[PDB]
């Protein structure tokens, strides 16, 4: 089957990051979207799972996620690989890890386990790696002796604000769950106003790709444990750090196919792991038109650093994904814009790509977290804009840089853009009083190809990861289970840009 969208993205990645192919990004064939029996769209893991249910009393989506995480870990024979934003997995997420590992050990196995979290310089870790390890060992009981733990918290750049933001659970290098969902008790589980989020589950070669990505992070992490300012590390049973757990598990034989889905795994190394891809001949003309509303204090890695692109293929993968749209693009995000300063307000190439689509008559929908969501720098669901106008005005500006006419700009913008704040029911706010918050990092194109992962479209220089799938069948499921419902309710909070009927 043809894969025109993957092909274009692959061209972009091989131009940007040829040396990172097979570690930080990889295209594979023969994957399977991992859905349970009798639930074919079940590979798509939404939380809390309450479309058109303002009460959201049951939260079946959350229960399904935790259930699936537990089952995947229960099935482990050799390796369990977990990454997240700090804190270390707690509440029901930790229960899933403990229960799964206990089952694995009960089934005769001695799993190796890596648990990696990223921490901002201003973030204080309450439960540090040694204490988290001890806590797990306690919960594991007699099984602890059979489980090899590596637990670490990391920060790769203090000045360039870089640390792990990827959200992965990879088992035996053959199943993978990834997406926007942080294993954080207080965002999804113990709360009356749960954040809306999306993960996906797959099996096959692309799971190994995810594993190879975590090996790249742990190679750095293990080496830089020599600097406690950057890395805090704790192991159990006197075990060594395990930089290449996934490669050891992979061995020499190729990953076996589990289905027929083609996938590009793609991530990024942020700042402070690797300065550039030395084999890259990537040579872009980086944007000349600077944001007329803000100036970055920090060096702009998003908009003005060639080297950063070469070790962050995910940035260009998202841009080329959007650029591959021939009919329509849906963007579902926490934010399209970042708080500026210290970060650039937006990714210029992304916005220019979008403007290009609008001008060409390609339908563009952007749904973001309601600006009413003001949280601290670290929290999921918060908004980094005061009004949806900050998105449409920027598109208008870029449209004007493109068409040379503001009337031309208006016809493109007003005729082809849908722009709204996220809603999941007819209710505007939870019974909580608090507004609905969106944590998606999702892009879907032509109901054919889509990204689900941890990489936000708003500027951030973190280590992130995600999958891009090309499958009309799978994208149909995404449309039905997530995108059509999102718009059914969110259109009630749609924006009408300035200069539009």
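Residue numbers count along the first chain shown, from 1. Rigid core here is just the name for the largest C-alpha set that superposes within 1.5 Å across the two forms.
- request: Name the stretch, 369-377 or 385-393, whose C-alpha atoms sit farther from the shown form on average in 4 other deposited structures of this protein, taking the rigid core as the superposition reference.
  value: The stretch that sits farther from the shown form in 4 other deposited structures of this protein is 369-377.
- prompt: Which of the two stretches, 290-298 or 335-343, moves more in 4 other deposited structures of this protein when the core is held fixed, judged by C-alpha RMS distance?
  reply: Stretch with the larger root mean square C-alpha distance in 4 other deposited structures of this protein: 290-298.
- prompt: As stated in the PDB record, which stretch has the larger average Cα B-factor, 73-81 or 254-262?
  reply: So the stretch with the higher mean C-alpha B-factor is 254-262.
task: Give the stretch, out of 300-308 and 181-189, with the larger mean C-alpha temperature factor in the deposited entry.
output: On average, C-alpha B-factors are higher across 181-189.
- prompt: Between 411, 174, 328, 167, which carries the biggest CA temperature factor in the record?
  reply: By C-alpha B-factor in the record, 411 ranks first.
query: If you check the C-alpha B-factor for each of 94, 135, 389, 219 in the entry, which is highest?
result: Largest recorded C-alpha B-factor: 389.
- request: Rank-wise, by C-alpha B-factor, drop residue 436 into the lowest, middle or highest third of its chain.
  value: As the PDB entry reports it, the C-alpha B-factor of residue 436 lands in the highest third of its chain.
query: When the modelled residues of the chain are sorted by Cα temperature factor, does residue 47 land in the lowest, middle or highest third?
result: Middle third by C-alpha B-factor.
- prompt: Taking the C-alpha B-factors as the PDB entry records them, is residue 477 in the lowest, middle or highest third of its chain?
  reply: For residue 477, the deposited C-alpha B-factor lands in the lowest third.
message: Test of reading the entry: by CA B factor among the chain's modelled residues, which third contains residue 314?
response: Bottom third by C-alpha B-factor.
task: Grab the CA temperature factor for residue 120 from the record and place it in the lowest, middle or highest third of its chain.
output: Middle third, going by the recorded CA B-factors of the chain.
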